[PDB]
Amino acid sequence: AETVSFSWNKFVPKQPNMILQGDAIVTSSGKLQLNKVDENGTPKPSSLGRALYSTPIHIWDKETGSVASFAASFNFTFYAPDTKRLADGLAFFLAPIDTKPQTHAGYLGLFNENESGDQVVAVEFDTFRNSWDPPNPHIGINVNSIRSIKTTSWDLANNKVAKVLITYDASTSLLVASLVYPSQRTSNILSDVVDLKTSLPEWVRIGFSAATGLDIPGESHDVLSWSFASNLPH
């Protein structure tokens, strides 16, 4: 086997094991703040921040044919000055080692209009209905496209902390995404199969991406903690 793991209950500014892109920064308060915010703490429209764990992960082996199973968890929140006008969302994803930020707003920094997507697999938390979207805030599974292969309703709550759990079982190629609000005693879950061998390169970096509304502030997105474990078998 080949394994890797990590856990933090907080971020540390300038931590050398995280790559930051876009507007993403880490506050003295230990928060990974993905989007730029006004004085009064008001998200600025057209913000785009990404953050990637520095060490590349070995996700599958062309030689042995093995695919890793993995699991990630995190806590996050968003703040919306106007609960009625949200945009655009947050995503957890896997991409090529040299991944750079893509289009903002509704493309969540991952993808691009008029272009087939890099090899990017993501789990989205989407607040804004684009043409390709279902109605309402949803959770989705994106496989090389911002046009989700499967979705589900996300009972979101402004300013409350959401506890997220993502899991991938190589044995069934089944990806599971669950989200829970302890404050609310509320919960959501989504699942589908994903072939990692056909959607990602052998080695990838994993991380976060979030965007504020194109022309509106939408909501800011902050990640509070992060945990992650991968097991690639012999």
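Numbering starts at 1 and runs along the sequence shown. We call the rigid core the largest set of C-alpha positions that still match within 1.5 Å between the two forms.
- Of the two stretches examined, 106-114 and 72-80, the one with higher mean CA deviation in 5 other deposited structures of this protein after a rigid core fit is 106-114.
- Averaged over their C-alpha atoms, the temperature factors of 109-117 and 137-145 are higher for 109-117.
- Higher mean CA temperature factor, per the PDB entry, when comparing 223-231 with 1-9: 1-9.
- Set against one another, the Cα B-factors of 42, 54, 35, 191 in the record reach their highest point at 42.
- The entry assigns its greatest Cα B factor, within the set 172, 186, 27, 69, to 27.
- Split the chain's modelled residues into thirds by C-alpha temperature factor. Residue 167 is in the lowest one.
- When the CA B factors of the chain's modelled residues are split into thirds, the value for residue 83 lands in the highest one.
- Ranked within its chain, residue 65 lands in the highest third, by CA B factor from the PDB record.
- Among the modelled residues of its chain, residue 98 has a C-alpha B-factor that falls in the highest third according to the deposited record.
- Annotation for residue 47: C-alpha temperature factor in the middle third relative to the rest of the modelled chain, per the entry.
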